[PDB]
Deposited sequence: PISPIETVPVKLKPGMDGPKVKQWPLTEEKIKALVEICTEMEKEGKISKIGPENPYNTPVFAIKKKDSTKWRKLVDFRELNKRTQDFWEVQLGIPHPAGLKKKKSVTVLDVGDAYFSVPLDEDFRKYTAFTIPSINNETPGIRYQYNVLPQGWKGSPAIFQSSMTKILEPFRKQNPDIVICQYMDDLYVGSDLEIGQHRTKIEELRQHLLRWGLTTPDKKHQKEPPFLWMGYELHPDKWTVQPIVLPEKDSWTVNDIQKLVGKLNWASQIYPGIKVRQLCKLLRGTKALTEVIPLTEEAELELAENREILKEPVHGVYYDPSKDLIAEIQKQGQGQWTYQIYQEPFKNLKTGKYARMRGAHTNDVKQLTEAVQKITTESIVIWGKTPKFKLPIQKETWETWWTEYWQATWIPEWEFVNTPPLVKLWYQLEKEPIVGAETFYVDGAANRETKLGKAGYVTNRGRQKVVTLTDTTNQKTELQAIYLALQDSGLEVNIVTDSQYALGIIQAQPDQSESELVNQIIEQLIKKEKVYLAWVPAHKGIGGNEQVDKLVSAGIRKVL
């Protein structure tokens, strides 16, 4: 019952007092139950009736799950100290190593098995109402369910108790996750069973009760999201709720559930579905599925039938990661040891970052993978990337920002990532030189964008409802539009200075994306920047006419 362990010293937050909230009134039928239950517990020694000298109180409730008692610690909780709860690092199946056999022990009710710091028990006081008359007063002697520190303290205690056993039997792996203890080994079945019984008797020595054969959990293990089988893990099938009426809320739920599936199912698409949220007036508003959406929702239903199973980890084999570009700014990867035998898969998105490029992006996918690998496997994978080592070397070497990719190889799996264009280092000798310039009135938004070339060619365009940044970029666009396969372009635009340094191939501004298109069409392009408002010729005659 109650374990002979050293309590953990627990305190209330810096400047606070114990809770003293009133006991929500109960019918005569309910008080009758709460009395039975508490009389049981008091005997087991889990709660002790206390004098009235205790000013604190926490409301208790009775709910028919026959009958069951519930205490509302919301108050005590919010005013209890904080604990080191960094255990919010959930393992991933692909990280588990294979086991000949695995046994799972239940240590649930064993929470009332750990004693509460007797100096803190006083705040845990609660009251059993009466048909207004006296009222029965109790307090906890053990870790109360639902109290902020129970999980932390119990886990820590479990850890102390398993210290001896783990030490003696290092060939036995034990994972602790709440009321569960997953014990696995590679010992022959009879030996494994002999050890579990050994551990069980050990635990029993520490008061921790033993799960009845009736409550013995068995594989496959359904672990929040998956089915852990002895030799492989699978993902619980995801069912799409079929209806003949779809409200905004239903749709968002759908889209969200479908977005998480994208990871293990790269095929999933949600455009026509997401497109149905346009202009929505209320969550309850019903929306008729367009034909394209209808079509889309159907395909997804299909792809979600296929079983996606992964495999466990083998520390004696290499870790390999392969990446694919599925479109602009979206990648897919699968990490494995043996081909086809995937440890796991995934996909990355991104939203028209102000301005980047496919190599930069490939770079970011790589590190994202690398981190989670270090988390899941303690090491970084060997990479198989769809990029030429020449393309990479050419890029990185000149990029303005530090960057890197761990050990990798080239895998000729199309489409290969490449540089769409590269600015000329020097001015193109036989090319026309376009002096561009744009100016706008930030108040009126009346602007002018234009150019003049060394060949006598000129053009001025007037724009309404425009900004300065745009007249400048538009002027660059006009130059690219009217020029041949080779052009030299001088502008005083600071932003253009950025394009030169970053040389992006994706942008948030569609004007900048139109310019990128033009830049990709040319063979040679040399972009030069110079100070605005200066005497600098060319950028003084075109610059003066568009002002």
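Gaps in the model relative to the deposited sequence occur at 66-69, 136-137, 554-560, listed in sequence order.
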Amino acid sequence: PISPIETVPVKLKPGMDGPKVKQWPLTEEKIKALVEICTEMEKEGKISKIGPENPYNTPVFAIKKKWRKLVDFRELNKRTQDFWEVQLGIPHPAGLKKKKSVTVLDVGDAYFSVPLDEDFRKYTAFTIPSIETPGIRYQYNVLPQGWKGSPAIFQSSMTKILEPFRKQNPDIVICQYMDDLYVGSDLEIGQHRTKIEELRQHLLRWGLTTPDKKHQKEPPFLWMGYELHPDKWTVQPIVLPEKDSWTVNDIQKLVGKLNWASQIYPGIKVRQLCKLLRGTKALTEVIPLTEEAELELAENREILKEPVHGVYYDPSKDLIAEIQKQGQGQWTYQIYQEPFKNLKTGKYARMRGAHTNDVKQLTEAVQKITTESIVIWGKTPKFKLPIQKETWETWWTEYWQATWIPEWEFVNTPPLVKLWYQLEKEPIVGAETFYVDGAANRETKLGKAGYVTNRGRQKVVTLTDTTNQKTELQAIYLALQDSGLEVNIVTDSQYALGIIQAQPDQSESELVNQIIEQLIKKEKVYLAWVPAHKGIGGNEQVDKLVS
From here on, numbers count along this sequence of modelled residues.
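Comparing 299-307 with 175-183, the higher mean C-alpha B-factor in the PDB entry belongs to 299-307. On average the C-alpha atoms of 337-345 have higher B-factors than those of the other stretch, with 337-345 and 141-149 being the two compared. Residue set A475, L88, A261, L446: peak C-alpha B-factor at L88 (per PDB entry). Highest CA B-factor among the listed residues (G190, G329, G225, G378): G225. Placement of the Cα temperature factor of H229 within the chain: middle third of the modelled residues, per the deposited record. In the deposited entry, the Cα temperature factor of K425 sits in the bottom third of values across the chain's modelled residues. Ranked by C-alpha B-factor against the other modelled residues of its chain, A365 falls in the lowest third. Annotation for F73: C-alpha temperature factor in the middle third relative to the rest of the modelled chain, per the entry. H355: CA B factor lies in the highest third for its chain, per the PDB record.
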